[PDB]
There are 2 protein chains.
Amino acid sequence: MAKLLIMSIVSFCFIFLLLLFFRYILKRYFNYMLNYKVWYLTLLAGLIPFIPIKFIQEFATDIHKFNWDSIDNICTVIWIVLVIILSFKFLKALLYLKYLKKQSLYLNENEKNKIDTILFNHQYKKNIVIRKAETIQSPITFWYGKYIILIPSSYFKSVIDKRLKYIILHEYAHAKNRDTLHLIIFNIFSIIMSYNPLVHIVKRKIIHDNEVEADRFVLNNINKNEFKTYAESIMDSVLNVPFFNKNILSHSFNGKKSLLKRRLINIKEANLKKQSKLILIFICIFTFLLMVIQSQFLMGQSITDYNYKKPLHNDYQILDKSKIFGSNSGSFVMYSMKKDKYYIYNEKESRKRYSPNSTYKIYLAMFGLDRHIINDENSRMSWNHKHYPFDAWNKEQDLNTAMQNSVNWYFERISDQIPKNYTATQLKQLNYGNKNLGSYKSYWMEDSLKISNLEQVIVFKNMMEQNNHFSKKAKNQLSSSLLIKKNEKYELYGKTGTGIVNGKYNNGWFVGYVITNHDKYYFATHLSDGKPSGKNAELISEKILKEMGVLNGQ
Amino acid sequence: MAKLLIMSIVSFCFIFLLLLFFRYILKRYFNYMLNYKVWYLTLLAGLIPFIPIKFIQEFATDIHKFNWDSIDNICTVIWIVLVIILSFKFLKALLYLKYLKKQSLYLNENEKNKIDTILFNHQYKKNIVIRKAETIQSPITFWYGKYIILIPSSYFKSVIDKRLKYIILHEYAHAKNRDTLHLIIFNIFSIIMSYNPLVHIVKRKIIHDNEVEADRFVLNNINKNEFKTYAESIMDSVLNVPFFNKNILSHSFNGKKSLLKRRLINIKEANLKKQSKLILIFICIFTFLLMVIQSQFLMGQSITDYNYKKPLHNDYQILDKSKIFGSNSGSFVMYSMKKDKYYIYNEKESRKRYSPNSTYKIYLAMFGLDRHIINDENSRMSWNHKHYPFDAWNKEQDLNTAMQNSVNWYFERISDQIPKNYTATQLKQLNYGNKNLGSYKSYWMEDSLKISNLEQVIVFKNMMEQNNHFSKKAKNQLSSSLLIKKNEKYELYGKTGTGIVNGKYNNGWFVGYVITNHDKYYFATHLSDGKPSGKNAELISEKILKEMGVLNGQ
Ligand SMILES: [Zn+2]
Ligand SMILES: [Zn+2]
């Protein structure tokens, strides 16, 4: 529901921007102003969506969901705190102003005679207060319910400055316009709307425009001949003295910063000095070390998904089997144990590291067997009676079943029961791709562990013939669990399947080995285009393996 | 990979904030200054994460994914465009300067004599050039490796200004510091870093300091007696001339705005024009209409999930069956057709609405049958050839199969083929909870449609016995499809199962009716705590139903 504030922000902004648009045009073409009261409309807009005017078998299955409500709970607390802070700041300022008010003093007759001389031409209701002070360096004013104008006593002493009449007209207009009343009203609203920072932008614009209107007023009551003087006189007020911004809830002649002002202050002040160079030196040293620290951990690129770059250690040949892949564009690798030679189709692609998906079960099964979580005599794993997508997964499984029916459940348990260090050790000895087992129990499926087709051939070959860091028993049960098909030319062992995301097949694989009447082959097929299904990867591998003589005994 | 960009932002801000902090302290406590060149450190820090370093069935597994890649692709193009725009703007300013470079003239001997007198005791390297032009209302400077300093031709003749001396030193400082060059360099970089506003923001710190240092150079070479004069000279320029900001790439005495200046401008602009009141009126009207359009679409609420306070239209009593539920805290309702009475356990909970989940099928089957999408002679639905958690669903089903095995697949097709208006009309006639069927065919499973235990009792009872908006065929085939258990005392009809979210069992249900040798009983059991499984809801119901006479005929 915090989103509802976002919605009112958007509306608020639509209104704001439209109004802002007009403001620009009005001035740009006709020197027109938009009465700032219009801004109250955005404030109203700020609450639109806010106000809720909306006027047998047991079944069981898992649905993924995110809880975003705990976030709003956190945001709620923050908003509360912000209000507390903002409310306080308002109050602090207010208290001060009240305290000051209590110290103010009325004027004498001659002073009144002057003030009256200045404003009698307006013939207004004197329901405002003109007082003086011994505190403030320049005049200020604040509504409170009394409209009090405070002029430092020195300005009455220096009655002779003449320009006081400008000062009076200026403040008169501010009082007339109830500027500090509108300000505090808006401030309350802004305090409440802690969720929309734009409110602090519009208040600034309002304040500026209000000041402009006062200038017009004042000028409109002054003989133009004196405008030169006027401009100088007004300007002098921010030249002669420093400014302070304590009175955030009220109006004054010199209460805010500018870069110009900072310079002038800095100039007046005795600020010509030098420092030991050690300051910069240590800052740059420590900044550097931080940068180093960050560097130690901040890095990376698309390179994570890249291919295998090495030449081969055994003899090699490049293949062209593109006619077989057809619409299922992909890649393929085969290796002859007898010849110590690789045959590679579409090498640039066959080299790409891909998540192994279902083919990892070949290795995972081996790991479970070697670690004796599953053995030959008893290769079974338990389950938790939750429902699974295939009948094979709603049964307890042995290894033979689990491999051929790709039982993720079985294998989730196989992963769960094998130490990460073991898995990492064997991924390293096997030269298994990026050797990354992640932290996810099913790290091989559309996740962290990646291997190319070329690597998959090299790696499975190592699993059977070069890697002697597993017991023979593991190799043997795995072999039996991998048989797919046997006939008079070959024994085809392995496992196919596909990585599928949001219902689309993207990573079809078939990995294994072939015992033929003439040689022993290792292979890996991967499909990415067309319909890169499990069965298609299997069929593509077989058509190629037939052409290469693997499945023909040739 | 936008995340690397995010890392860049983070790295930058860390150094930036650290540095900013240090700078604050230096000035805040001792008016110490740190050479702005340190800001290059943030730019450099921003490059850290961009270093590309690391220093036998067919199966597939369907993984849900968020596509953030299309977003980065789009964002990349945008980033490119933003760079182009910035480059363009830079160039246009540069070309303007290019023009000026071919326009101004060097100075004569006496003017040189004046300047040399000014810098006589400074003994600065003079590999700089001072030139004059009618195009300059106030002096400007630009690097180009030449230190091009221009003055108004208008002051050439001002033999008594006594300001040039300040002008020269001010200009000198900027030339000396190669401030313009540094800004050019920074501009290259900020053009590149289109994604992180701080890269441009920081320039304003640089610019301010550049001016500060120039003031120091000036003051450092001035008999303090005249410091006041210098300050007056600054303001004189501020007041005396308008500024223009074409030279966004260089420095000048009068090239920028300020609030003060705006006011001074306004004083000097006698824009004595009338503005019709229609201006604000129409703007306010249009704004209102904008608000109206948003309003008719913007409205939020927590109300959707509010349960009801509605009294019943038949007799009732409140139950306490807490020793049956035990650790499986939940709720329960039963209704007697002959007594016209409800029995409500833990009504504070039984009156809450939950998605019907596994039991919606009871009602959906009545609808599918009434519309004859499934009928008695042919109650079947087609299959999409996808695999599901239950063996029973990996096929085409009839109603009797589908009801007993909770076949959402079958029922999802039923949902698609029942006009939403018919479903909704009867959800309303039956008082089916929030009567919300969403927009999804599977709306009953941890989704939009919600109903209480009390309401399910009411709904089924009406749907089969009191509601005459459904056919006899529907009533009869439904009753058959719902049978789950029976013996010589009762026939128990109904269904059970549980909605599970992120692996946790949240909404367990058992809903049904019993036909006995005595009466007709309608009921619903729901579990939320403990292990709120379907079977538990069913077992709890059976224990209660026996006590309530439902399963015995009492
Ligand atoms: Zn004012
Ligand atoms: Zn400067």
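Note that we place each Cβ from the backbone using ideal geometry, even for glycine, and neighbour counts take in every protein chain shown. Laboratory data are not the source of any read-out in this text; all were calculated from the coordinates shown.
Okay, here's what the table says:
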| quantity | calculated |
| --- | --- |
| Rounded FRET efficiency, nearest 0.05, which uses the C-beta distance separating A:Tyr440 from B:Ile51 and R0 of 22 Å | 0.20 |
| Viscosity 1.002 mPa s, 20 °C: Kirkwood-radius Stokes-Einstein D of the protein assembly as shown over Cα pairs, µm²/s | 56 µm²/s |
| Average Cα contact separation per residue, the range B:71-261, under 8 Å, 6 or more apart, as relative contact order % | 23 percent |
| Cα gyration tensor, the range B:1-111 - rounded (a/c under 1.5), prolate or oblate | oblate |
| Residue mean of other protein chain beta carbons inside 10 Å, B:3-12 | 2 |
| Peptide A:291-302 - average C-beta neighbours from other chains (10 Å radius) | 6 |
| Size of electric dipole in the range A:312-547: Cβ of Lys, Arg +1 and of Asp, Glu -1, about Cα centre, debye, nearest 20 | 180 debye |
| Given charges at beta-carbon only (K, R positive; D, E negative), |dipole| of the range B:71-261 in Debye | 300 debye |
| Fraction of beta bridges assigned by DSSP in the protein assembly as shown that are antiparallel (%, nearest 5) | 75 percent |
| Pair B:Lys92, A:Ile80: separation of 7 Å Cα→Cβ label points (nm) | 5.2 nm |
| Sites B:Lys65 and A:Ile71 - FRET efficiency at Förster radius 35 Å, r taken between beta-carbons, to 0.05 | 0.95 |
| Sorted by Cβ neighbour density within 10 Å, fewest at the top, the residues B:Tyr155, A:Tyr490 | B:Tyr155, A:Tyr490 |
| Likely footprinting exposure, B:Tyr521, A:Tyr363, fewest C-beta neighbours within 10 Å first | A:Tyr363, B:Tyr521 |
| Label-to-label distance, nm, for residues given as A:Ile281 and B:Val129 (7 Å Cα→Cβ offset) | 4.1 nm |
| Fewest-first sequence of B:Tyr422, A:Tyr32, A:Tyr166, B:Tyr432 by Cβ atoms within 10 Å of each Cβ | B:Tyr422, A:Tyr32, A:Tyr166, B:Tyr432 |
| Debye equation applied to the C-alpha atoms of the range A:72-268, log10 I(q)/I(0) at 0.13, 0.16, 0.17 Å⁻¹ | -0.78, -1.13, -1.25 |
| Selection from B:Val199, B:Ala474, B:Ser154, by position along the positive dipole direction of the protein assembly as shown (Cβ) | B:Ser154 |
| Cα-based shape type of chain B, given that a ≥ b ≥ c are square roots of the gyration tensor eigenvalues and the cut on a/c is 1.5 | prolate |
| Unit charges on C-beta of K, R, D, E only; dipole of chain A, Debye | 2500 debye |
| Rel. contact order, % - alpha carbon contacts under 8 angstrom, at least six apart, the range B:315-547 | 26 percent |
| Mean-position separation - Cα centroids, the range B:31-86 and the range B:194-244, in angstrom | 37 Å |
| q = 0.10, 0.15, 0.17, 0.20 Å⁻¹: log10 I(q)/I(0) that the Debye formula gives for the range B:171-326, counting C-alpha atoms only | -0.72, -1.03, -1.12, -1.32 |
| Protection-proxy order for peptides A:328-335, B:433-440, each taking the mean of Cβ atoms within 10 Å per residue, highest first | A:328-335, B:433-440 |
| Sites B:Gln417 and A:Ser479, calculated FRET efficiency, Cβ-Cβ separation with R0 60 Å, nearest 0.05 | 0.75 |
| A:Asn221 versus B:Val292: modelled label distance in nm, points set 7 Å from Cα along the beta carbon direction | 4.2 nm |
| Residue-averaged beta-carbon neighbours from other chains (10 angstrom radius) around A:225-231 | 2 |
| Cβ-based charge dipole, the protein assembly as shown, positive-most Cα from A:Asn328, A:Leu260, A:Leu183 | A:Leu260 |
| Long pairs among A:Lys126/A:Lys165; B:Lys146/B:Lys257; A:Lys341/A:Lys486; A:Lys165/B:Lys273; A:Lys37/A:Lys165, criterion Cα-Cα beyond 20 Å | B:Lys146/B:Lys257; A:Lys341/A:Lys486; A:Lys165/B:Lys273; A:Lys37/A:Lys165 |
| Cα-based reach from A:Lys361 at 18 Å (exclusive), listing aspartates and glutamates while leaving out same-chain residues under 8 positions away | A:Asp370, A:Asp376, A:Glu396, A:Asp398, A:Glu412, A:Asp416, A:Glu446, A:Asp447, A:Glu455, A:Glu538, B:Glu58, B:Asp62 |
